[PDB]
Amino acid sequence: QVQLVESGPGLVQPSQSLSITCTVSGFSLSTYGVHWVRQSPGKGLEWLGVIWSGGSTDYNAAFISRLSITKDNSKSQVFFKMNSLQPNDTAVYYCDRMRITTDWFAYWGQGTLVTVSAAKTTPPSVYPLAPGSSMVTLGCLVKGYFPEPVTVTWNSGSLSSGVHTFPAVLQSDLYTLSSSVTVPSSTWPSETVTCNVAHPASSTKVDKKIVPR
């Protein structure tokens, strides 16, 4: 299959640059162009530039003075560099192939979430949410972390159905989220329910068993 694998930082200081490497498998960079697009809540989807198969580039003029795209065809890698990032350059950055004519290699990378901020990396506090005194809802509160993202699973993946992991929101300049799981009232506490929270940025992995009272 076609796959575009990105690597780059999750957190960038304001005024510093952002470098991302896109490693392509499944098609030749000697034949096909690769594009760079970002997505933000403020500005939606923005096309930033393209590097064509022969190495010529076109850029979006709103970014050209601080944007460079280069590549190495033999390593199937494309290199994106944007300088002087501001807080509103916070976005998911994608490499992709798009704007196709006769080929079928129109695929997007997984995206690189980039937060532009001077705030320091902070781990989450993970707190079990059990009821106070048919189906029973349990939860985990993942509080006070920076930057995004974290991942949350329940009994290591085995509880998929009836889970809701909510988007993070900002409070006191840090992120907070919760996740809920709904299991039958017969099954808890008789069978164990545990949330697994990972926050790579702070090397945090926490398993929190939800215990009654």
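All residue numbers refer to positions in the sequence shown, first residue = 1.
In this entry, residue 133 and residue 134 are separated by 4 to 9 residues of the deposited sequence that lack coordinates.
Looking at 64-72 and 158-166 together, the entry lists the larger mean B-factor for 158-166, computed on C-alpha atoms.
The mean C-alpha temperature factor is higher for 123-131 when 123-131 and 107-115 are set side by side. Residue 138 sits in the highest third of its chain by CA B factor, as recorded in the PDB entry. Residue 11: CA B factor in the middle third of modelled residues in this chain (values from the PDB entry). When the modelled residues of the chain are ordered by their C-alpha B factor, residue 149 lands in the middle third.
The PDB entry assigns residue 178 a C-alpha temperature factor belonging to the lowest third of its chain's modelled residues. For residue 204, the recorded CA B-factor ranks within the highest third of the chain. Only modelled residues enter the ranking.
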